[PDB]
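Whatever this is, show me its structure:
(2 chains, ligands or ions: 2)
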Amino acid sequence: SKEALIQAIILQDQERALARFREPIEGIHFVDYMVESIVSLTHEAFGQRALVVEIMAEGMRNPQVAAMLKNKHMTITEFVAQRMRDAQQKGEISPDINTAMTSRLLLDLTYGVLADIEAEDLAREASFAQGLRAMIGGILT
Amino acid sequence: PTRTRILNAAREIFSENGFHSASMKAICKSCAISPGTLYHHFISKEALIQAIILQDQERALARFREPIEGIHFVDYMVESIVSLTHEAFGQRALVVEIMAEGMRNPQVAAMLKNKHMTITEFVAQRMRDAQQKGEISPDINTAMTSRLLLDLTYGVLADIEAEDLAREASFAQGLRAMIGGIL
Ligand SMILES: O=C(O)[C@H]1O[C@@H](Oc2ccc([N+](=O)[O-])cc2)[C@H](O)[C@@H](O)[C@@H]1O
Ligand SMILES: O=C(O)[C@H]1O[C@@H](Oc2ccc([N+](=O)[O-])cc2)[C@H](O)[C@@H](O)[C@@H]1O
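Numbering: from 1, shown residues only, chains lettered A, B, ... in the order given. Ligands and ions are numbered 1, 2, ... in the order given. See below for the structure:
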């Protein structure tokens, strides 16, 4: 079945995301870390990014795939929120933010950048990382 | 009109099955025409996608063609994203399927390049209108800022659970913090 193959690809895509956030972030401001995490998406293999978006499109017309993506996005956002709480205790970001919602909106900005066909060209401009820095630092402070 | 009935049937078949699995044959049966009538209006599946992209582009341009008055520009952008989470879900699914097809089809990638450029040009014009009114910082790169705002919009558009997230007050407040941060 097609759903079984998609589920295996989702776990592999999820694993690349978990590698960014599974460990405590030492010696790096969380705003600087989130900026580099989203900017580095533009340099991953394009066919790998295209496969993520193809599965995202399938999930919007396939309830079984939508359930797999709900689990994938839940898993990623819980780890991002944990690193967010670490930054709050270290005094790096505001202790008043809604970490669950903030992680979800950061993940949506992530997939919006991931799906941009011209993201690699935009990343060559200095205003690309600065604009992301202003968006990311804005919601975290 | 026959061209509209074709597009409506194509939007239904494309959204439910995707670009690859959709057939021109099934589109013909949906609106009760022959393949020759369909070919006369749209010669290929890519020609259909081109017309659908223009329909979606016009919905975006409908939000930014006229000047924004009575509401702050930051809140207008946030309201536009919030309202998008309430649109027909099959319509959102088609936008993402076209974006997915554009990453594997250079014909569609060229169409999306024109659509996204046209949208950011209108958003940037409203950005300059907001700069003259003192609502936005005057020192922003309007071109890059518009594209990043469009990417955040498509990320929310592609979130299957976006309408559930919109039920909470922290959703719009988080968007205001993001959009207010870059502007
Ligand atoms: O989930 C995914 O499919 C993608 O996640 C990416 O890592 C993340 C970066 C930032 C955020 N965020 O700002 O939320 C979440 C995850 C991987 O680099 C990518 O290879 C993978 O395809
Ligand atoms: O482009 C598109 O396909 C979609 O655009 C949406 O309108 C926008 C809203 C906010 C922003 N923004 O904040 O950059 C840009 C455009 C339409 O409601 C939607 O029907 C259409 O499918």
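
of all of chain A, which residue lies closest to chain B?
residue A:138 (1.8 Å; CB to the nearest CB). Where you see a C-beta, it was placed from the backbone N, CA and C, and this is true even at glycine.

and that residue, what does it touch?
B:177-182 (CB atoms under 8 Å, 6 or more residues apart in numbering or on different chains).

In TSV: the residues you listed, plus secondary structure.
TSV is the format used below for the contacts of residue A:138 (DSSP: H, G, I helix; E, B strand; the rest coil):
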residue	secondary structure
B:177	helix
B:178	helix
B:179	helix
B:180	helix
B:181	helix
B:182	helix
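
Identify the farthest-apart pair in those residues.
The most widely separated members of those, counting by CB to CB, are B:177 and B:182 (10.2 Å).

What is the burial count for the residue of chain A found nearest ligand 2?
Nearest to ligand 2, among the residues of chain A, is residue A:112, at 9.9 Å (CB to the nearest ligand atom). Neighbour count for residue A:112, taken as other CB atoms under 10 Å in any protein chain shown: 24.

ok, now the one 5 residues further on?
Around residue A:117 there are 20 other residues, counting by other CB under 10 Å.

Dihedrals phi and psi, it?
Main-chain torsions, residue A:117, degrees, to the nearest 10: phi -60, psi -30.

residues contacting the nearest residue to residue A:122 once chain neighbours are set aside?
The shortest distance from residue A:122 to any non-neighbouring residue, by CB to CB, 6 or more residues apart in numbering or on different chains, is to residue A:128 (5.0 Å). Taking CB under 8 Å, 6+ apart, we find residue A:128 in contact with A:39, A:42, A:122, B:144, B:148.

OK, contacts around the second one?
With contact set as CB under 8 Å, 6+ apart, residue A:42 has these partners: A:113, A:116, A:119-120, A:122-123, A:128.

Of these, which is the most crowded?
residue A:116 (26 neighbours).

my guess is that one contacts residue A:110, does it?
No. In this structure, residue A:116 is not within contact of residue A:110 by CB atoms under 8 Å, at 11.1 Å.

need the residues of chain A near ligand 1, please.
A:13, A:16-17, A:20, A:34, A:37-38, A:41, A:44, A:52, A:76, A:80, A:106-107, A:110 (CB under 6 Å from any ligand atom).

could you redo the last one with a cut-off of 8 Å?
Contact residues (CB under 8 Å from any ligand atom) of chain A with ligand 1: A:13-14, A:16-17, A:19-21, A:34, A:37-38, A:40-41, A:44, A:48-49, A:52, A:72-73, A:76-77, A:80, A:103, A:106-107, A:109-111, A:114.

Narrow those to those that are buried.
Neighbour counting over those (16 or more other CB atoms under 10 Å in any protein chain shown) leaves A:13-14, A:17, A:20-21, A:34, A:37-38, A:41, A:49, A:52, A:72-73, A:76-77, A:80, A:103, A:106-107, A:109-111, A:114 as the buried ones.

check those against chain B, which are close?
Restricting those to those near chain B by CB under 8 Å from any CB of the partner chain leaves A:49, A:73, A:109-111.

Going by distance to ligand 1, which of these wins?
Closest to ligand 1, out of all of these and judged by CB to the nearest ligand atom, is residue A:110, at 3.8 Å.

Leaving out chain neighbours, which residue sits closest to the closest one?
residue A:38 (5.7 Å).

check contacts around that neighbour.
Applying CB under 8 Å, 6+ apart, we find residue A:38 in contact with A:106, A:109-110, A:113, A:132, A:136.

change it to 6 Å
Contacts here follow CB atoms under 6 Å, 6 or more residues apart in numbering or on different chains; on that basis residue A:38 touches A:110, A:113, A:132.

Repeat that for residue A:129.
Taking CB under 6 Å, 6+ apart, one finds residue A:39 in contact with residue A:129.

Show me what from chain A comes close to chain B.
For chain A, the residues in contact with chain B (CB under 6 Å from any CB of the partner chain) are A:50, A:53-54, A:56-57, A:59-61, A:66, A:98, A:101-102, A:105, A:108-109, A:111-113, A:115-117, A:127, A:131, A:134-135, A:138-139.

Is it possible to mark the buried ones in those?
Buried by 16+ other CB under 10 Å: A:50, A:53-54, A:56-57, A:59-61, A:98, A:101-102, A:105, A:108-109, A:111-113, A:115-117, A:127, A:131, A:134-135, A:138-139, out of the residues of chain A next to chain B.

burial measure for the nearest residue to residue A:88 once chain neighbours are set aside, as a count.
Using CB to CB, 6+ apart and skipping residues adjacent in sequence, the residue nearest residue A:88 is residue A:95, 4.8 Å away. By other CB under 10 Å, 10 other residues sit near residue A:95.

And residue A:95, its phi and psi?
The phi and psi values for residue A:95, taken as degrees, to the nearest 10, are phi -80, psi 0.

from memory it sits against residue A:86, does it?
No. Counting by CB atoms under 6 Å, residue A:95 stays clear of residue A:86, with 12.0 Å between them.

who touches both of the two?
With CB under 6 Å, 6+ apart applied, the contact sets of residue A:95 and residue A:86 do not overlap.
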